[PDB]
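Per-entry structural report
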Amino acid sequence: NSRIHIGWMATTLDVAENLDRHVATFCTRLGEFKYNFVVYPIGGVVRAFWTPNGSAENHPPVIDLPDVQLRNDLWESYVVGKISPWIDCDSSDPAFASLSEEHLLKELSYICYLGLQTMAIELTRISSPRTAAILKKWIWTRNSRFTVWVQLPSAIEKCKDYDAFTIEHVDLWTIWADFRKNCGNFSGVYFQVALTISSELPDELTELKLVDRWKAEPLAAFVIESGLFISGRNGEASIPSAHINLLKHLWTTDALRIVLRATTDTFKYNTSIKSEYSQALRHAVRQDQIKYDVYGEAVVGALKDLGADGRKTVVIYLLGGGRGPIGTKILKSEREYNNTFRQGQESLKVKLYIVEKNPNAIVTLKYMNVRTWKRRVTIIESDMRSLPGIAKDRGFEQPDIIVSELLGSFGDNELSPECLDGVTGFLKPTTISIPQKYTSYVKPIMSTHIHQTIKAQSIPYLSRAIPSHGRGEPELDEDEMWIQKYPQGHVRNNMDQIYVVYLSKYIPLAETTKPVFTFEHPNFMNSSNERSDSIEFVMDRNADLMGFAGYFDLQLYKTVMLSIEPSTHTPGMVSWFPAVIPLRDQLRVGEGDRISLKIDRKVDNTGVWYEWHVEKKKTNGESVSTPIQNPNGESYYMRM
Amino acid sequence: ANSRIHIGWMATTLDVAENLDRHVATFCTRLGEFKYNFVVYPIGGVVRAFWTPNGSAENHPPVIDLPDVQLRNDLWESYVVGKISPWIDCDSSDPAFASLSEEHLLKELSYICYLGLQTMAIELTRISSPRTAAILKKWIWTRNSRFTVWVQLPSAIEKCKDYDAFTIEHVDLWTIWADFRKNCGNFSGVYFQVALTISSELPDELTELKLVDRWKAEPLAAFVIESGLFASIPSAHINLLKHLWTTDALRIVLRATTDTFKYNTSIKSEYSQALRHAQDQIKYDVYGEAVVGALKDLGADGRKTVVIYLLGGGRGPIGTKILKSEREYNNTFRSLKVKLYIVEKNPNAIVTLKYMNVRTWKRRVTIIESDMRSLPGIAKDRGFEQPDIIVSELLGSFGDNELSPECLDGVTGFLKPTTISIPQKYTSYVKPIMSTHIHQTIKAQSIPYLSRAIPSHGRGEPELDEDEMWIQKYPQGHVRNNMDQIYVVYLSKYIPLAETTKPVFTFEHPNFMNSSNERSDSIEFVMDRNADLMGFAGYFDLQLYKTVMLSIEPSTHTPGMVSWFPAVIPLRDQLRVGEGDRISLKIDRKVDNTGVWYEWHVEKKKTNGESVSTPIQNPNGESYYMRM
């Protein structure tokens, strides 16, 4: 059995209680019934199996399949995410089709969020144009790779759009081939088709000349219905000779998974025949905690500066909660605080509002807030930059502390200052903000490896539509295919970007690094987040300067602070690797030369970018200057 | 431990035995018995490598004579690190000698490529080596092979040819390396690497920490170790060798410098040790059968000697087959001696045909290094004779796809009327196919940065860009260039949309009436199911002589063969077909003043009579042009 993997597809048949919540024990039992992976409705069963035939008042159930309830690698191995069956972008009713595009998008996004390795999407028509368009752009513009099982219908007659008066030369294959075309013929290594076998075997599945086609197609799975008998021996549940001859016929490798599909309202042998189908089928074809702790210490100190006043209750806001180890952490910090400061007296109580934008994150936050946090915290869905309005509107009180962790390796690269800055109008002049300050540093380095590696990045055909890091977005070319173009040229584009690298085969040209860009919150005065500076060094040898290695340190609160800079590196911390500001071309230097790194941090109505370059000066005062790189963030432009 | 560290032996005039260029295996067996795996051996051979020009034009270089046959290609591939003849100074102050040096640096690179070497070393003898750098540059950038290169350095700046202590302002071994590295385009340090040469007196920049750290940021590949010690190693030597030894992928070569020879041969080992303390049988067969057949036919006449021209010896197996088939005729049917003429143009192969004509043929065959196209003229100047038979093999997986007809039509010049061509004839075939996998795979072909300068398969050739970097432009588009080419593939995940092939282009030799090689045929095919036609599997058959013959065609396929995988004439986009569809594969085989190409496409006509047509693929050989 080691070689055959048998997926069990969720159905409206095994919808237990809170199944969405207890996926773990689910795959546990199922697994006990000798089968490994499962095809589960990604959105959750309370959503997957919702019925859309209601009034204008019947809206779809929000997504509710928590990640936390199962460690990631497990999600990746077992669960195969499938799109809610009620979704129908090619509906005959415009409104429902639009709705379906919207929610199809939502479920795609969530599948990415859970990080599944495989996905199912089941076609219900002979033509699914809109579905095609959506799916096509999706897959073509993702920066990752994942697999896709397009499960087909049992036969043509099951198709919503089937008129027995117009199916001239159509069949299941024609359907698949048509969808495959329509999504732009993405590599069958990742874009695959799943057949659905039932009781009645179509002719094109038995007539050799037709089952032959499926060999020249990315076949990934057979989806098999419980449409079968119990003939032989102790009523051995088995499978017809044409069925057998088929599965056998098309079983080319043991990577071709097989999903069993519950059609029959059989509670089985009281849930025992599952393994029987298993066998029948089988023998037919044979984490960075340090950062978090530091945050905790910061918090406790903060509660100590105010708690001393003999406070009672205090308003804390977590800005961008993620999955929230910082929420759990904050709470634990209130507990430790009370456990060591308020001994034999009135405890201090902290109220915790967590603000977040990503709806999947929210999905995790509610689960956390139920299981661990015990309904303590108020979850708020918005980007912090919109809080002020809905805060006092919906009746919430201004915070005392606002905790955030929006740091990039170069400090402000990940838009921290703009995010935190957007929430100033709703704070007390009293509001202490963590982190309080952070500063971005830099130090000249030399490596043929880092440079040569940055420069020689290339974009394979299959990655031709992946969106650029600059101001450009993918588009449609003449062949109606998505392409991310690069007018500035590929090399240019490669070199005008900050990067995040594990510095290995390099060497410093300065003994120590210099300060570049500092930021302090709360920014009550609203100073411009955009900056512009020179950072000069001195070379003491004949060397090739490939650019600068960027860092940052950061004070959460007063004494409490963590740092990535080499001289003061939080021991054992891995939460950040250094940034790299590369030069287009290795710049040569010798003993004596002074190097003026010109870096401007420019801000836009819609984004934020760095424009940098270098000025070399020998001792004779004579000076040169490399070209201004990343002019207008055309190659590197962090948007908002 | 021990085997973790790899030690190599650099050859030197210090160890020039006799006939050595024709005895390498034993050399490295001896070298191995002294405990050191790889070796650095000049590729032209010693006779060539250590030649010293100081005279007039009288002294021309010792021809490359390091034959491949002496060693099976994986032995070479495993142990022999190739190195360029030290005498080659591409940057000579004497114009003539620099030109000569370019020519031979080329011959030599070509040979490294020939023997199939996995690594190769090149000694920088100057502070600035610009011409060398240009040649090397264009070379590595236009190679579709992925091989390694060690740029070996001088002991110290002081001993460079262009060394002048008057403008050696701020120059150093590293400034040198970085200059050269910059001058070859900064080819990935994963292939283009530098070797340090540790002399007896230790330079400043290999001791001064701050300086020595430079090499940790460079593609350090090997340490060249001069025999300038006592078997011991001085303090600074040790501290350096450790200091820059970061990986165990590093290699270290022994440089025979001081000892005229090691007093105790065991010392040759004391050094290494001390440092560590830091195929298609059937094609040929069938040919021999057709040959014995031809000697039956022509021999029966009554003569006692026949002259045959092998036009393209290669490494000559077809030759040893001619002479092992003449050897085996004089007993079954008879005498009838056979005089063999093996013509060949590949200058590196000629080495193999000499070492072969010596170690095998007992000089009974006259090798001839000339394009088999101007042989008619060199047929008298060198006192040759008209051929009774000419044995050739210039066919590809699509038959005529390698240009057989044109070159044979070149030999047509001096042929007797009685000359039978082996092979006499061929014809090409074609079979409609369906496979996402293949089509997707062809379309997805991408050129990464390091392959930006590989030449196209068409009329185009590489060119310098705005950064003086070699680039192969594809103005018709990457995808179009991808789909307008014939390929050879192992049909992996596909299906046939026909039951039997069909004829395309035939060719008849000797093409005596000199008929045009330009062809233009239209093939017809009917479809029997709902399918996606992606293109055509391409095939061929060839008759060598009367009865005997060989073919790659589906049904009539020479069994057990691996001599030719099938071709694919793909379409730009898959064609949807259904029951009863008429398909015209329209193929014109056009020929040019300098090359030959295909212009193909497909016409579809349904049961109803509607006629559409795919676009003309490969117009004017733009994506596909076999040059002549």
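Cut-offs used in this document
- All residue numbers given refer to positions from 1 along each chain's written sequence rather than to the entry's numbering, and residues for which no coordinates exist are omitted.
- The lettering of chains begins at A and the numbering of ligands begins at 1, in the order of writing.
- To obtain the side-chain values, all non-hydrogen atoms of the structure were included, while hydrogens and water were left out.
- Throughout, a contact is declared for two residues whenever any of their heavy atoms are within 4.5 Å.
- Once two parts are brought into contact, the accessible area they lose, counted with a 1.4 Å probe and summed over both, makes up the buried area.
- Salt bridges are counted wherever a side-chain nitrogen of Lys or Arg sits within 4 Å of a carboxyl oxygen of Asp or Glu.
- Contacts described as polar in this section are N or O atom pairs within 3.5 Å, which, within protein, must combine one atom able to donate a hydrogen with one able to accept it, while residues neighboring in sequence count only if both atoms come from side chains.
- Numbering of helices and strands runs from the N terminus, with a helix taken as a DSSP run of H or I at least four residues long and a strand as a DSSP run of E at least two residues long.
- UniProt positions are given in the numbering used here, feature names are shortened, and annotations may be inferred rather than shown by experiment.
- Three exposure classes are used, based on accessible area relative to the maximum for each residue type with a 1.4 Å probe and protein chains only: buried under 20%, partly exposed in between, and exposed over 50%.
- The split of the chain into domains comes from an automatic or database domain assignment.
- Think of it as three bins: nonpolar holds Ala, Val, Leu, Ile, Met, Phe, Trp, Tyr, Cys and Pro, charged holds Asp, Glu, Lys and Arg, and polar takes everything else, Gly as well.

Structure determination for this entry is recorded as X-ray crystallography, at 3.005 Å resolution.

Side note on the interface of chain A and chain B
Each partner contributes to the interface: chain A provides 41 residues, whereas chain B provides 41 residues. Counting each side, the surface lost to burial between chain A and chain B is near 3,300 Å², with a carbon and sulfur contribution of 52%. Our count for the chain A to chain B interface comes out at five salt bridges. The partner of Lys 209 of chain A in a salt bridge is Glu 579 of chain B, and the shortest N-O contact between them spans 3.8 Å. Between chain A and chain B we count 23 residue pairs in polar contact in total. Elements with a minimum of two residues in the side of chain A that touches chain B: α6 (172-182), α7 (208-211), α15 (448-455), β20 (543-557) and β22 (579-589) of chain A. No other element matches the six residues that α6 of chain A contributes to the side of chain A that touches chain B.

Re the UniProt feature "active site" in chain A
Residue and element names in this part refer to chain A. Per the UniProt record, "active site" is found at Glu 405 and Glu 414. The residue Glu 405 is located in the loop between β12 (401-404) and α14 (416-421) in this model. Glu 405 gets classed as partly exposed once you look at its relative accessible area, which sits at 22%. Residues in contact with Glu 405, not counting those within four places in the same chain, are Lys 291, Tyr 295, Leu 319, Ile 326 and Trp 576.

Digging into the UniProt feature "active site" in chain B
All names here are of chain B. The UniProt record marks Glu 393 and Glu 402 with the feature "active site", using the residue numbering of this structure. Mapped onto the elements of the fold, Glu 393 is located in the loop between β12 (389-392) and α14 (404-411). Every residue in contact with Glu 393, bar those within four places of it in the chain, is listed here: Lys 283, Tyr 287 and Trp 564. A distance of 3.3 Å separates polar atoms of two side chains, one belonging to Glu 393 and the other to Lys 283. By the secondary structure assignment, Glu 402 is in the loop between β12 and α14. Accessibility expressed as a relative area gives 44% for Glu 402, which makes it partly exposed.

Section: the domain arrangement of chain B
Residues and elements named next belong to chain B. You can read the domains of chain B as domain 1 (1-278), domain 2 (279-424) and domain 3 (425-628). On the domain 3 side, the residues contacting the 36 residues of domain 2 number 44 residues. Counting each side, the surface lost to burial between domain 2 and domain 3 is near 3,400 Å², with a carbon and sulfur contribution of 62%. Per-residue buried area on domain 2 facing domain 3 is highest for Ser 397, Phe 398 and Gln 424; these three make up 25% of the total on that side. At the junction of domain 2 with domain 3, the criterion picks out three salt bridges. Linking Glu 406 and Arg 589 is a salt bridge whose minimum nitrogen-to-oxygen distance equals 2.7 Å. For the pair domain 2 and domain 3, the interface holds 14 residue pairs in polar contact. Those elements giving two or more residues to the side of domain 2 that touches domain 3 turn out to be α10 (281-300), α14 and β13 (420-422). Sort the elements by how many residues they give to the side of domain 2 that touches domain 3 and α10 lands first, with 10 residues. Partitioned by chemical class, the residues of the side of domain 2 that touches domain 3 number 15 nonpolar, 11 polar and 10 charged.

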